[PDB]
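One structure below.
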Amino acid sequence: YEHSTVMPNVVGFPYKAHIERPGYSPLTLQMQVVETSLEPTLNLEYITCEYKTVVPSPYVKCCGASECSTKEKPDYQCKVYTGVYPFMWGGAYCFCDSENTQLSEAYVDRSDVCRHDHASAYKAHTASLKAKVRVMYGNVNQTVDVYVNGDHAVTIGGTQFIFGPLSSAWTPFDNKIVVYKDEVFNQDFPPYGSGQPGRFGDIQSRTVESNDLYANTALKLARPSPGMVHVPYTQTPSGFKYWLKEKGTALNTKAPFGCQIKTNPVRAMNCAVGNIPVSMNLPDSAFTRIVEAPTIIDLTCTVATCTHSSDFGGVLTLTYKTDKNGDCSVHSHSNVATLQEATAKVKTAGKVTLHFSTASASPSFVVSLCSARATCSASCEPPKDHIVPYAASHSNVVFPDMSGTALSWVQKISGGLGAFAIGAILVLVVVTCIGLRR
Amino acid sequence: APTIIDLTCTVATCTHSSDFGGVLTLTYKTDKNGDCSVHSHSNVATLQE
Ligand SMILES: *[C@@H]1O[C@H](CO)[C@@H](O[C@@H]2O[C@H](CO)[C@@H](O[C@@H]3O[C@H](CO)[C@@H](O)[C@H](O)[C@@H]3O)[C@H](O)[C@H]2NC(C)=O)[C@H](O)[C@H]1NC(C)=O
Ligand SMILES: *[C@@H]1O[C@H](CO)[C@@H](O[C@@H]2O[C@H](CO)[C@@H](O[C@@H]3O[C@H](CO)[C@@H](O)[C@H](O)[C@@H]3O)[C@H](O)[C@H]2NC(C)=O)[C@H](O)[C@H]1NC(C)=O
């Protein structure tokens, strides 16, 4: 039997779906989204880490000159200085007074622990959504894992479920992401091959295991001081370390809608928004024949106490008449009130009680027990407690019924004003028609 | 706590003496037997229990 429903996407919400086959007993289903997962699709841009400056020992040619040679190294630097007179611990070599040459060589290479400590740059698009939902009815429990799109059907005791696409398509990740260890950022990194010294991505490699590298650190060499062999250089500090020191904020501590961010793989967890459509196919054995179920006649509803609090804060009493004792599938036909239970035990005494939760001053809804139906209305008083540690269990609808106290007063005032206005209309029409009849 | 609906009050006898001199009857309809905390919302009458 085909059926369709929509449920809110909030973890822990006790959604109840009511299926009414005319030839059988009504059935009620309890669904609860235990877990969610927002998985974006990622493609690597590059890897970044600290650098290491490699400075080979200077080459001094005594009594001669040497000519600088170029090589293919990342940020390579080569220079020659003339007029050097080196010194050592025992005495100065290069016996010639002033015909000596020092050759300085330097270049930048990826650090040793880049494979253990590095940041990655990513692009994100077309996020997919995965879910884990617990379903209960009759005498079957159980949780299942599904992919939320119209292409995944899971069987649970002979029943086919399909959870259709999400209503919205909102994901906290922008186009470009910076991932570091266990934290995600909404950053705009510069593209490959155009880094800037002193900031993020001064050195960049395509992958962790690729040999190639692009570095840009403004390495400059200086003339050595007289009587020393020390090849002095200057270089802007590593951009990676200053990014660590001043990255600023995060996404773990700023994602909207209250949802966690995790890594490996990057995902957003328990992130409540929108609606999940559900399509259902139930076998003939799931229902119960109308002859087996007890019959209910003369069903009346009353409210003992109401209080629009977060928990289940109203108690309702149903009076009826039955032929035999058994089980009924109670339901509420409005989202103004959410029941606690889906099944009830009817006994020949004829009284049952239920608990419900709502958030309106004047609720009004139709409750059904087995095959019967009745109307319930109530007045509710505010709760006194200011803050609670459990989430609200109502659908958060506030507008009162038209028969509530405030709307009744408004309706009476409007009726009085309208009657007075219509009386004045009649006076004017009568006078003018007397004028015209003459 | 039990639910209480259809509460009606009747007074059998009254006598404004110093001792507890009025007997009152309440009729209701309840789902299960239990305990309630009775009170009077005015100081004209003082309950016993
Ligand atoms: C041992 O030490 C002597 C100096 O005490 C070294 O002699 C020096 O040799 C170099 C090249 O062998 C000379 O450089 C060039 O010499 C030519 C000579 O025509 C000159 O035209 C160039 O402008 C340049 O100076 C250097 O002058 C010379 N020093 C002198 C003559 O005082 C010698 O090389 C050392 N031994 C070895 C094996 O190198
Ligand atoms: C359908 O299955 C779920 C999962 O087993 C049932 O929920 C489980 O209910 C039991 C009984 O209440 C829980 O055991 C108790 O949990 C409390 C929680 O603090 C603990 O203090 C006790 O020591 C005891 O272990 C169990 O934790 C709970 N599990 C989950 C994941 O919710 C559920 O009741 C089943 N449905 C029906 C109708 O029985």
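With neighbour counts taken as other beta-carbon atoms within 10 Å, the residues A:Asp284, B:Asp31 rank, fewest first, as A:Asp284, B:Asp31.
Applied to region A:211-219, the Karplus parametrisation 6.51 cos²θ - 1.76 cosθ + 1.60 on θ = phi - 60° returns per-residue 3J(HN,Hα) values of 6, 5, 7, 10, 10, 8, 10, 6, 6 Hz, with x for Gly and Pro.
Seen from all directions on average, region A:71-151 presents a Cα convex hull projection of 13.9 nm². For region A:51-91, trypsin sites (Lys or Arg not before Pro) are listed when DSSP marks them as loop and at most 16 other Cβ atoms sit within 10 Å of their Cβ; the list is A:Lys71. If you bin all the Cα-Cα distances of region A:172-328 at 5 Å, starting from zero, the percentages per bin are 1, 6, 8, 9, 9, 8, 8, 6, 5, 5, 5, 5, 4, 4, 4, 4, 2, 1, 1, 1, 1, 1, 0. Based on DSSP H segments of at least four residues, each scored -39500 (n - 2.57), the protein assembly as shown has a per-residue ellipticity at 222 nm of -3000 deg cm²/dmol. Distant-in-sequence amide contacts of A:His3, defined by a placed amide H-H separation under 5 Å and a gap of 5 or more residues or a different chain, comprise A:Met280. Counting other C-beta atoms within 10 Å, and keeping those with at most 13, which DSSP coil trypsin sites (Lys or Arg not before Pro) do you find in region A:107-141? Answer by residue number: A:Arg115. Computing FRET efficiency as 1/(1 + (r/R0)^6) for A:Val429 and B:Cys36, where r is the C-beta to C-beta distance and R0 is 56 Å, gives about 0.35. Among the chymotrypsin sites (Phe, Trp or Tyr not before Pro) in region A:333-438, those placed in a DSSP loop whose Cβ has at most 13 other Cβ atoms within 10 Å are A:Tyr390. Each Cα pair under 8 Å and six or more residues apart adds its sequence gap; the mean of these over the residue count of region A:273-322 is a relative contact order of 32 percent. When you restrict to C-alpha pairs under 8 Å that are six or more residues apart and normalise by the size of chain B, the relative contact order lands at 39 percent. Neighbour counts of other Cβ atoms within 10 Å put A:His394, B:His39 in the fewest-to-most order B:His39, A:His394.
The Stokes-Einstein estimate for the protein assembly as shown, based on a Kirkwood radius over Cα pairs and taken at 10 °C with 1.306 mPa s viscosity, is a diffusion coefficient of 51 µm²/s. In plain terms, the residue of A:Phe189, A:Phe287 with the fewest other Cβ atoms within 10 Å comes first and the most crowded comes last, giving A:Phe287, A:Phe189. Derived scalar couplings between HN and Hα for region A:226-232 equal x, x, 8, 10, 9, 6, x Hz in order, rounded to whole Hz, by the Karplus curve 6.51 cos²θ - 1.76 cosθ + 1.60 (θ = phi - 60°), x for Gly and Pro.
The 3J(HN,Hα) values that the Karplus relation (6.51, -1.76, 1.60; θ = phi - 60°) gives for region A:33-44 are, in residue order, 7, 6, 8, 9, 7, 9, 9, x, 9, 10, 9, 6 Hz. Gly and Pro appear as x. Summary value for chain A: 16 percent relative contact order, contacts being C-alpha pairs under 8 angstrom separated by 6+ residues.
Throughout, read-outs are computed from the coordinates displayed, never taken from laboratory work. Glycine also receives a Cβ, built like all others from the backbone with ideal geometry; neighbour counts cover every protein chain displayed.
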